[PDB]
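One structure is given below, encoded as structure tokens.
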Amino acid sequence: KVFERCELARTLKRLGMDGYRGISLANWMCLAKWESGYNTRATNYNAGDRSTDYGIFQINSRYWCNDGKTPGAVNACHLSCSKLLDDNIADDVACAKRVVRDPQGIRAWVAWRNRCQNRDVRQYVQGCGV
Ligand SMILES: [Ca+2]
């Protein structure tokens with residue numbers, strides 16, 4: 001599904017993401033916007049290591065979720081990648097929460113560092129009553 005901005009905002013808030021490990025909700029929204037356009041079905045294949053990024057957050061199959069076809073795969077979220085391609089984002093959220101539990105935090109995603117870090121992100125949540 002392609003979420004609308006405020007709808008995504010409220011669902012993430014509901015799911016406990018506002019301020020998780022000090023990351024505000026606007027930061028998570030900015031990340032989803034650049035990573036998938038808010039589309040739960042986004043995918044990206046990385047030929048270099050043969051991994052694939054999945055869902056709204058573009059979670060990678062070599063370290064996070066298991067897709068049965070990525071060598072070296074470590075499955076830190078203990079979750080099949082195919083669960084990140086559906087319309088319910090609660091597992092995506094649980095897995096993204098685990099990712100930021102590592103030392104890099106949200107800097108794990110290069111898109112966030114390039115398009116979000118240090119910038120004004122209030123546009124992502126303006127008008128959502130979040
Ligand atoms: Ca899901």
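Each chain in the structure tokens gets a letter, A, B, ..., in the order shown, and its residues are numbered from 1; ligands are numbered from 1 in order too.
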Ligand 1 neighbours within 12 Å using only C-alpha atoms and all ligand atoms, as an mmCIF file with N, CA and C atoms, in the first residue's frame:
data_model
loop_
_atom_site.group_PDB
_atom_site.id
_atom_site.type_symbol
_atom_site.label_atom_id
_atom_site.label_comp_id
_atom_site.auth_asym_id
_atom_site.auth_seq_id
_atom_site.Cartn_x
_atom_site.Cartn_y
_atom_site.Cartn_z
ATOM 1 N N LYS A 1 0.851 -1.187 0.000
ATOM 2 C CA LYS A 1 0.000 0.000 0.000
ATOM 3 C C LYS A 1 0.887 1.237 0.000
ATOM 4 N N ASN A 39 5.722 3.432 0.350
ATOM 5 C CA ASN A 39 5.154 2.258 -0.281
ATOM 6 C C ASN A 39 5.685 1.020 0.399
ATOM 7 N N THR A 40 4.751 0.217 0.892
ATOM 8 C CA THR A 40 5.065 -1.042 1.579
ATOM 9 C C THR A 40 5.649 -2.135 0.678
ATOM 10 N N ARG A 41 5.487 -1.936 -0.600
ATOM 11 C CA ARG A 41 5.965 -2.913 -1.532
ATOM 12 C C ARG A 41 7.252 -2.598 -2.252
ATOM 13 N N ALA A 42 7.915 -1.496 -1.824
ATOM 14 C CA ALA A 42 9.154 -1.116 -2.464
ATOM 15 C C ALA A 42 10.227 -2.214 -2.330
ATOM 16 N N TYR A 54 13.942 -4.392 1.428
ATOM 17 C CA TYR A 54 12.493 -4.573 1.440
ATOM 18 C C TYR A 54 11.604 -3.629 2.259
ATOM 19 N N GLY A 55 10.465 -3.215 1.681
ATOM 20 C CA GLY A 55 9.407 -2.456 2.322
ATOM 21 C C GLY A 55 9.637 -0.998 2.507
ATOM 22 N N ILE A 56 8.701 -0.481 3.284
ATOM 23 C CA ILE A 56 8.639 0.939 3.598
ATOM 24 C C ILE A 56 9.940 1.543 4.089
ATOM 25 N N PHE A 57 10.766 0.739 4.794
ATOM 26 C CA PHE A 57 12.017 1.164 5.360
ATOM 27 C C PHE A 57 13.220 0.600 4.645
ATOM 28 N N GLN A 58 13.017 -0.220 3.612
ATOM 29 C CA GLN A 58 14.122 -0.728 2.896
ATOM 30 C C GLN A 58 15.101 -1.457 3.746
ATOM 31 N N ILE A 59 14.539 -2.481 4.343
ATOM 32 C CA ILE A 59 15.358 -3.293 5.254
ATOM 33 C C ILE A 59 16.082 -4.361 4.485
ATOM 34 N N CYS A 65 16.622 -9.271 7.736
ATOM 35 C CA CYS A 65 15.512 -10.207 7.534
ATOM 36 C C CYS A 65 16.027 -11.312 6.624
ATOM 37 N N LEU A 79 13.085 -12.547 11.133
ATOM 38 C CA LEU A 79 11.846 -12.275 10.421
ATOM 39 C C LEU A 79 12.062 -12.547 8.939
ATOM 40 N N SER A 80 11.033 -13.094 8.294
ATOM 41 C CA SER A 80 11.160 -13.366 6.878
ATOM 42 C C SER A 80 10.878 -12.032 6.170
ATOM 43 N N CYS A 81 11.749 -11.683 5.226
ATOM 44 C CA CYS A 81 11.618 -10.396 4.474
ATOM 45 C C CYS A 81 10.298 -10.217 3.804
ATOM 46 N N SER A 82 9.678 -11.324 3.469
ATOM 47 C CA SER A 82 8.410 -11.225 2.835
ATOM 48 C C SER A 82 7.361 -10.642 3.746
ATOM 49 N N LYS A 83 7.623 -10.595 5.039
ATOM 50 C CA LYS A 83 6.618 -9.996 5.913
ATOM 51 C C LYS A 83 6.670 -8.483 5.788
ATOM 52 N N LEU A 84 7.720 -7.963 5.191
ATOM 53 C CA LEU A 84 7.841 -6.524 5.055
ATOM 54 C C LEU A 84 7.257 -6.012 3.774
ATOM 55 N N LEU A 85 6.575 -6.890 3.067
ATOM 56 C CA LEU A 85 6.034 -6.484 1.809
ATOM 57 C C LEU A 85 4.523 -6.405 1.876
ATOM 58 N N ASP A 86 3.987 -6.606 3.068
ATOM 59 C CA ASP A 86 2.553 -6.547 3.184
ATOM 60 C C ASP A 86 2.101 -5.173 3.656
ATOM 61 N N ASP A 87 0.782 -4.990 3.862
ATOM 62 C CA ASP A 87 0.200 -3.727 4.285
ATOM 63 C C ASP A 87 0.191 -3.492 5.763
ATOM 64 N N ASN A 88 0.623 -4.427 6.592
ATOM 65 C CA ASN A 88 0.586 -4.150 8.010
ATOM 66 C C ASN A 88 2.004 -3.801 8.376
ATOM 67 N N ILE A 89 2.262 -2.598 8.878
ATOM 68 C CA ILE A 89 3.640 -2.310 9.167
ATOM 69 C C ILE A 89 4.139 -2.575 10.559
ATOM 70 N N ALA A 90 3.395 -3.308 11.344
ATOM 71 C CA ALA A 90 3.956 -3.531 12.661
ATOM 72 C C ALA A 90 5.266 -4.337 12.645
ATOM 73 N N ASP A 91 5.403 -5.253 11.699
ATOM 74 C CA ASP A 91 6.701 -5.893 11.832
ATOM 75 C C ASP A 91 7.801 -5.076 11.297
ATOM 76 N N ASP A 92 7.496 -4.212 10.356
ATOM 77 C CA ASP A 92 8.568 -3.407 9.810
ATOM 78 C C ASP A 92 9.139 -2.550 10.905
ATOM 79 N N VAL A 93 8.206 -2.043 11.739
ATOM 80 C CA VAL A 93 8.510 -1.164 12.843
ATOM 81 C C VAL A 93 9.318 -1.932 13.854
ATOM 82 N N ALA A 94 8.878 -3.108 14.232
ATOM 83 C CA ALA A 94 9.722 -3.851 15.175
ATOM 84 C C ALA A 94 11.106 -4.073 14.626
ATOM 85 N N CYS A 95 11.240 -4.410 13.340
ATOM 86 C CA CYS A 95 12.582 -4.629 12.806
ATOM 87 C C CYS A 95 13.387 -3.314 12.724
ATOM 88 N N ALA A 96 12.731 -2.242 12.288
ATOM 89 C CA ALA A 96 13.494 -0.985 12.230
ATOM 90 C C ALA A 96 13.963 -0.613 13.632
#
| said: Residues within 8 Å of region 108-123 of chain A, please, as an NGL selection string. Count only C-alpha atoms; anything in the same chain fewer than 5 positions from it doesn't count. | reply: :A and (26-27 or 30-31 or 34-35 or 99-100)
Check chain A with DSSP on the backbone and list each residue it calls strand (DSSP E), as a PyMOL selection string. chain A and resi 43-46+51-54+59-60
Go ahead and save the picked residues with N, CA and C atoms, as a JSON list (two decimals), in the first residue's frame.
[["chain", "number", "residue", "atom", "x", "y", "z"],
["A", 43, "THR", "N", 11.07, -2.35, -3.33],
["A", 43, "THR", "CA", 12.12, -3.34, -3.20],
["A", 43, "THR", "C", 13.30, -2.75, -3.94],
["A", 44, "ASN", "N", 14.51, -3.25, -3.60],
["A", 44, "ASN", "CA", 15.70, -2.84, -4.26],
["A", 44, "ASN", "C", 16.73, -3.95, -4.21],
["A", 45, "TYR", "N", 17.23, -4.35, -5.38],
["A", 45, "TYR", "CA", 18.19, -5.44, -5.42],
["A", 45, "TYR", "C", 19.62, -4.98, -5.48],
["A", 46, "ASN", "N", 20.51, -5.46, -4.64],
["A", 46, "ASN", "CA", 21.89, -5.04, -4.69],
["A", 46, "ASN", "C", 22.78, -6.14, -5.22],
["A", 51, "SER", "N", 22.04, -8.83, -1.99],
["A", 51, "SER", "CA", 21.01, -8.71, -0.99],
["A", 51, "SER", "C", 19.92, -7.92, -1.68],
["A", 52, "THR", "N", 18.82, -7.87, -0.95],
["A", 52, "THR", "CA", 17.66, -7.11, -1.39],
["A", 52, "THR", "C", 17.12, -6.29, -0.24],
["A", 53, "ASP", "N", 16.72, -5.04, -0.49],
["A", 53, "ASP", "CA", 16.11, -4.17, 0.49],
["A", 53, "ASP", "C", 14.64, -4.25, 0.32],
["A", 54, "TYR", "N", 13.94, -4.39, 1.43],
["A", 54, "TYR", "CA", 12.49, -4.57, 1.44],
["A", 54, "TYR", "C", 11.60, -3.63, 2.26],
["A", 59, "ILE", "N", 14.54, -2.48, 4.34],
["A", 59, "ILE", "CA", 15.36, -3.29, 5.25],
["A", 59, "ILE", "C", 16.08, -4.36, 4.48],
["A", 60, "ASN", "N", 17.38, -4.42, 4.70],
["A", 60, "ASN", "CA", 18.23, -5.34, 3.98],
["A", 60, "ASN", "C", 18.28, -6.81, 4.45]]
Task: Shell of 12 Å around residue 7 (chain A), only C-alpha atoms, local chain residues under 6 positions omitted, as a ChimeraX atom specification - done: /A:1,13-14,29,38,124-125,127-130
Output N, CA and C atoms for every residue in the selection just made, as a short mmCIF file (atom, residue, chain, number, x, y, z; two decimals), in the first residue's frame.
data_model
loop_
_atom_site.label_atom_id
_atom_site.label_comp_id
_atom_site.auth_asym_id
_atom_site.auth_seq_id
_atom_site.Cartn_x
_atom_site.Cartn_y
_atom_site.Cartn_z
N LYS A 1 0.85 -1.19 0.00
CA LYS A 1 0.00 0.00 0.00
C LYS A 1 0.89 1.24 0.00
N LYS A 13 3.28 6.73 15.32
CA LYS A 13 3.19 7.22 16.66
C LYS A 13 2.57 6.13 17.49
N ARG A 14 1.44 5.62 17.03
CA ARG A 14 0.78 4.53 17.70
C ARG A 14 1.73 3.38 17.95
N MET A 29 9.77 9.54 9.44
CA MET A 29 8.97 9.86 8.23
C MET A 29 9.88 10.26 7.05
N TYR A 38 6.92 5.85 0.92
CA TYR A 38 5.77 5.39 1.75
C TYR A 38 5.01 4.16 1.20
N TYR A 124 7.48 16.99 7.38
CA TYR A 124 6.91 15.66 7.43
C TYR A 124 5.78 15.51 8.38
N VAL A 125 5.77 16.20 9.49
CA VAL A 125 4.68 16.02 10.41
C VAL A 125 3.78 17.23 10.50
N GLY A 127 0.77 19.39 10.46
CA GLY A 127 -0.66 19.23 10.19
C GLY A 127 -1.29 17.91 10.49
N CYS A 128 -0.53 17.02 11.11
CA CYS A 128 -1.01 15.71 11.43
C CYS A 128 -1.58 15.55 12.82
N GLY A 129 -1.46 16.58 13.64
CA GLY A 129 -1.97 16.47 15.00
C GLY A 129 -1.27 15.37 15.77
N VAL A 130 0.00 15.10 15.47
CA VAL A 130 0.78 14.04 16.16
C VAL A 130 1.56 14.51 17.39
#
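Take CA of residue 20 (chain A) and CA of residue 102 (chain A): the distance between them is 12.8 Å.
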Checklist entry - Which one of A:2, A:106, A:23, A:9 sits closest to residue 126 (chain A) if you count only C-alpha atoms? => result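 Going through A:2, A:106, A:23, A:9 one by one, the smallest distance to residue 126 (chain A) is for A:9.
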